[PDB]
């Protein structure tokens, strides 16, 4: 029982790898740092039950993953852009940076998904879980480029599911905010930066950051297919900040 998780060392990657492995999955992992063999060896040694791909092209991850087993049960498309690039404004941002936002958050997941459909269909189905953002559904003033690129991939889920669900290929979008994770809300920020707390207690009904095991629980629940009729929609993971 196999899962592919992209950008494994960032965003929702750590929560997904830990939860899927604890659930009995062999978790095949992609990451930019894995072009270095030393990084692959360290990740695998330090993460029992994982395989660290060398492959870096989005349209080649799936075939690479199939080197390690006969079928993929779950793909976690864990796409991200580092801070502070997610807060790039419109004015003054370079064309290169505009393109890079869409490349990482919109084009990469599409090329991945495209490459997955035929093997996933042939194996009788699978789950594809796209990790997006709260701004995939609800805008924020300081994410005017990031937001559009995230909204594209949420729309991708909603449209693609209309055809892929009949093949047993079940697509979902998760939109986090105030989620304890190394990319946007690392534990070091929570404990050292008094500004984060104060706004969580004001803006987040739950009153705290979402925990890694709570993101893991959502991912393994979707991955179980036990509630497949919720296929094809966006889930806020924001502690009640959305809607």
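Numbering follows the first chain given and starts at 1.
Mean CA B-factor, 205 to 213 versus 32 to 40: the higher value falls on 32 to 40. Looking at 189 to 197 and 66 to 74 together, the entry lists the larger mean B-factor for 189 to 197, computed on C-alpha atoms. The residue among 109, 124, 82, 147 whose C-alpha carries the highest B-factor in the deposited model is 82. The entry lists a Cα temperature factor for residue 235 that places it in the lowest third of the chain's modelled residues. Among all modelled residues in this chain, the alpha-carbon of residue 3 has a temperature factor (C-alpha) in the middle third.
Per-chain ranking of the deposited C-alpha B factor places residue 181 in the middle third.
In the deposited entry, the Cα temperature factor of residue 175 places it in the lowest third of its chain's modelled residues.
Ranked within its chain, residue 61 lands in the middle third, by CA B factor from the PDB record.
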